[PDB]
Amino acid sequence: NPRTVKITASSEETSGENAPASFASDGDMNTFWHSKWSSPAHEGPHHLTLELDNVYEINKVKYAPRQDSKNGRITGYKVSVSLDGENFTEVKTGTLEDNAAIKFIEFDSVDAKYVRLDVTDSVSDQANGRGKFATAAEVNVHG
């Protein structure tokens, strides 16, 4: 049940379309965060940090890909946790399948107030777009 106080990101798009980082902090499958693609683009590295309302014991991250485009779809991730928002500890690394299905990332129970998702790999419907974008309809945490 942890509440996301806020989501911050490496970057966000509010100019070419409305896709701020906070759109990834609700369960509307029809809104998403997009890394900044409009000039000047931020083309990586990409990440997203959820600040929880308290310290929780967490063992799972849910990731809902953007539903209308594969652009930015996360296929490689590192998950880290923090108590103070500054010092992070890696708890999980892995790949995710290249489809729009909801993903889960699971690890041993760990106390966190902040959960960071580093995008190590991402896909695109563009020929030379590997790694350029990051999108998320939702990122959430569970314990």
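In this text, residue numbers run from 1 along the sequence as written.
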Stretch with the greater mean C-alpha B-factor as recorded in the entry, comparing 97 to 105 against 55 to 63
55 to 63
In the PDB record, does 73 to 81 or 87 to 95 carry the higher mean Cα temperature factor?
87 to 95
The largest CA temperature factor among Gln126, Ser11, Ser22, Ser122 is found at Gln126
Looking at the temperature factor on the CA atom of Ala137, which third of the chain's modelled residues does it land in?
lowest
Within-chain third of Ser39 by Cα B-factor, per the entry:
highest
Ranking the modelled residues of this chain by C-alpha B-factor as given in the entry, is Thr31 in the lowest, middle or highest third?
lowest
